[PDB]
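Here the protein sequences come in this chain order: B and A.
So for the first sequence, PDB author numbering puts the first residue at 9; every next one is plus one.
So for the second sequence, PDB author numbering puts the first residue at 7; every next one is plus one.
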Amino acid sequence: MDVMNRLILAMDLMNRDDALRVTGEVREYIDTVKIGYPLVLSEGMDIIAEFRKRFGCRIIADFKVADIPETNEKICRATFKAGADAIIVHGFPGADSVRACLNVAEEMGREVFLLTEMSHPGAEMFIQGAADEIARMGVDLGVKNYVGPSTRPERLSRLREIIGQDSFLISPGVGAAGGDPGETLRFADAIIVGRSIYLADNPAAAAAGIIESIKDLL
Amino acid sequence: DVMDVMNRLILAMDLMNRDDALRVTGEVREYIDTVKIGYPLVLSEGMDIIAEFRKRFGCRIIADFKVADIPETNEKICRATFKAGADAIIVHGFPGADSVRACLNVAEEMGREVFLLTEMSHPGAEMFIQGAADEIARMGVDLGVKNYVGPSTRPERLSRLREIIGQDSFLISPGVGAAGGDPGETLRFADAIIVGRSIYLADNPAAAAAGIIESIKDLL
Ligand SMILES: O=c1cc(O)n([C@@H]2O[C@H](COP(=O)(O)O)[C@@H](O)[C@H]2O)c(=O)[nH]1
Ligand SMILES: O=c1cc(O)n([C@@H]2O[C@H](COP(=O)(O)O)[C@@H](O)[C@H]2O)c(=O)[nH]1
Numbered sequence: 009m010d011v012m013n014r015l016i017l018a019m020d021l022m023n024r025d026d027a028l029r030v031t032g033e034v035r036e037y038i039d040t041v042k043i044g045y046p047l048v049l050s051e052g053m054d055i056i057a058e059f060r061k062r063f064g065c066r067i068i069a070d071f072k073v074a075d076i077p078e079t080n081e082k083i084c085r086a087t088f089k090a091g092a093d094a095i096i097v098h099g100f101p102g103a104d105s106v107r108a109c110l111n112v113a114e115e116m117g118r119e120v121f122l123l124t125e126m127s128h129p130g131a132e133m134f135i136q137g138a139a140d141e142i143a144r145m146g147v148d149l150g151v152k153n154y155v156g157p158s159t160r161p162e163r164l165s166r167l168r169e170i171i172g173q174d175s176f177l178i179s180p181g182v183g184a185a186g187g188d189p190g191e192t193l194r195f196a197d198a199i200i201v202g203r204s205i206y207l208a209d210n211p212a213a214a215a216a217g218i219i220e221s222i223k224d225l226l
Numbered sequence: 007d008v009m010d011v012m013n014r015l016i017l018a019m020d021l022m023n024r025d026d027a028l029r030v031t032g033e034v035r036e037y038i039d040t041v042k043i044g045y046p047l048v049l050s051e052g053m054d055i056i057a058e059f060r061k062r063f064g065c066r067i068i069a070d071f072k073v074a075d076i077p078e079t080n081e082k083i084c085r086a087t088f089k090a091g092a093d094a095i096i097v098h099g100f101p102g103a104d105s106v107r108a109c110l111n112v113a114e115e116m117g118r119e120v121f122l123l124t125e126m127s128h129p130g131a132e133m134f135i136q137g138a139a140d141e142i143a144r145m146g147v148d149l150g151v152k153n154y155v156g157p158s159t160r161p162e163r164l165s166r167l168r169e170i171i172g173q174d175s176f177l178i179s180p181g182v183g184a185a186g187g188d189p190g191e192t193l194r195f196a197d198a199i200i201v202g203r204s205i206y207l208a209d210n211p212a213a214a215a216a217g218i219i220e221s222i223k224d225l226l
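Structure representation (structure tokens):
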């Protein structure tokens, strides 16, 4: 996957007018948008097609898929029917649940991103201790796309070690949560950035500023 | 003081089109007053499907969204879900205490309820969730969680989770029917059973629900 400026916008605004306006303001800097449940549950799954119509961007559905295999299959089918290019799936619920997602993605020409370790403080309680094994499980399953935490660069580096240089790795927790753009890009192919852009007084300048700070990495 | 689930039976409405979902739910309405609506239906028909269910049926709505994000995103998901009319939302515990607390705080503010999913019922649950489940449940108790989800497919695990949360907590349990869990055995520990495919894929969903209820008649 080829992400413009190695920057993915996490569009977690919850109303259509603001979400479309802010995305429009930063469109020159990105071609990939992560859309999650905050926006989808507020405005409907049709918002995905609207983003494609307006911006032609790729859409990653950040749905943290975390159900039984049968339900995971249904969630992936509904999500890809809505036009998402990719979906984010938790690894914690185990291999069968991930495989269910991989199957639908293959069937519909999409990608699965496996979330291995999360970026927030609570991730330390249960997820972190399982994360390397979850990543090895991804490798065993043939997963090629991964998500890991900007907030713990040593953990992000370990994830990169496990999956190898050929796999694709994206990383949230940049900006608001404390992660540094440049350091994160030592290991991740692309950074995910939400609040630092969409809550900024001037989202375009915020995006431009981040990109300037990583100019030599592009 | 817990929700009063008619016949101790919660329908898992995982059909993905409005017409079928509405037909089947209507067909079993005399047997249930509590419906679990998840992402298969919501991502297919929109959050307004909750509105349509409330209009059509006298049913409480549990939004089975297995919320599993960072605290800030969890808060937004819970707000949107309660705004749409869900009575309760199901949240994963494995992302940790801050993520669960975020959901509890919104539920308290908005006058609604959180269910904490501890151990899951499918085979893959053995890989990572099972080993964390007793602690996830204990964490829930420490956080003041009153409502829980645990697996009918592993009676020994469901029994242990009931012990951890205590007799006063409310416990609901999926994996009944299609996945092999027995209604009666499950109700030894759970307050209510969740049933999806055994009912919604039946040629006669009403007969299927009645049959399940007949099999647990002495437990009502
Ligand atoms: O470990 C993770 C995984 C995520 O998907 N995310 C998601 O990435 C985004 C981060 O946004 P922000 O830059 O505002 O912190 C949010 O949409 C969040 O749900 C995360 O923060 N940490
Ligand atoms: O551990 C769990 C937790 C669940 O919420 N579920 C949910 O409960 C329902 C079970 O439906 P069924 O009776 O068709 O197996 C599904 O909606 C599923 O997503 C589960 O099966 N196992």
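C-beta: ideal position from N, C-alpha, C; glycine also.
Residue i CB to nearest heavy atom of ligand 1 below 8 Å
i: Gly91 (chain B); result: no
i: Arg35 (chain A); result: no
i: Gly99 (chain B); result: no
i: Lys72 (chain B); result: yes
i: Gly183 (chain B); result: yes
i: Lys42 (chain B); result: yes
i: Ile96 (chain B); result: yes
i: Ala18 (chain B); result: yes
With 16 other Cβ atoms within 10 Å as the buried cut-off, status of residue i
i: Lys61 (chain A); result: exposed
i: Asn23 (chain A); result: exposed
i: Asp10 (chain B); result: exposed
i: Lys72 (chain B); result: buried
i: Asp148 (chain A); result: exposed
i: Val41 (chain A); result: buried
i: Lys82 (chain B); result: buried
i: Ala196 (chain A); result: buried
i: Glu119 (chain A); result: buried
i: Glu162 (chain A); result: exposed
i: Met116 (chain B); result: exposed
i: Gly44 (chain B); result: buried
i: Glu36 (chain A); result: exposed
i: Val8 (chain A); result: exposed
First through last residue of the alpha helix (DSSP H) which encompasses residue i
i: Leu110 (chain B); result: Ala103 to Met116
i: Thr192 (chain A); result: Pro189 to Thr192
i: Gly146 (chain A); result: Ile135 to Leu149
i: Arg24 (chain B); result: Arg24 to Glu33
i: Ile43 (chain A); result: Unbroken run through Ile43 (chain A) is the beta strand (DSSP E), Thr40 to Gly44; no alpha helix (DSSP H).
i: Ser179 (chain B); result: Per DSSP, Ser179 (chain B) belongs to no alpha helix (DSSP H); it is in the beta strand (DSSP E), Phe176 to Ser179.
i: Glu132 (chain B); result: That residue, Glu132 (chain B), is in no alpha helix (DSSP H); it is neither H nor E in DSSP.
i: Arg62 (chain B); result: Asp54 to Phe63
i: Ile171 (chain B); result: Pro161 to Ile171
i: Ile219 (chain A); result: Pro211 to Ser221
i: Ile83 (chain B); result: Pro77 to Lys89
Closer than 8 Å: residue i CB and nearest ligand 2 heavy atom
i: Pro180 (chain A); result: yes
i: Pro157 (chain A); result: yes
i: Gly202 (chain A); result: yes
i: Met126 (chain A); result: yes
i: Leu123 (chain A); result: yes
i: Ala131 (chain A); result: yes
i: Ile76 (chain B); result: yes
i: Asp188 (chain A); result: no
i: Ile170 (chain B); result: no
Residue i - containing beta strand (DSSP E), residue span
i: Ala198 (chain B); result: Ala198 to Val201
i: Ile95 (chain B); result: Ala94 to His98
i: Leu17 (chain A); result: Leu15 to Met19
i: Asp70 (chain B); result: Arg66 to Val73
i: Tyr154 (chain B); result: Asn153 to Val155
i: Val120 (chain B); result: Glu119 to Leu123
Contact test: residue i Cβ vs ligand 3 heavy atom, cutoff 8 Å
i: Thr79 (chain A); result: Questions concerning ligand 3 fall outside what the structure shown contains, since the ligands it does hold are ligand 1 and ligand 2.
Check your understanding: Taking one C-beta from the region 123-143 of chain B and one from the region 167-178 of chain A each time, how about it: are there three or more such pairs within less than 8 Å?
Key -> no
Exercise for review: Determine contact between the region 13-25 of chain A and the region 211-225 of chain B, defined as no fewer than three beta-carbon pairs at a distance below 8 Å.
Suggested key: no
Point to revise | the region 94-105 of chain A in contact with the region 76-93 of chain B per 3-pair CB rule at 8 Å | key: no
Practice item. Examine the Cβ distances between the region 179-193 of chain A and the region 218-225 of chain B and report whether three or more of them are shorter than 8 Å. Key: no
Exercise for review: Could you tell me whether the region 118-134 of chain A touches the region 113-128 of chain B, where touching means 3 or more Cβ pairs closer than 8 Å?
Suggested key: no
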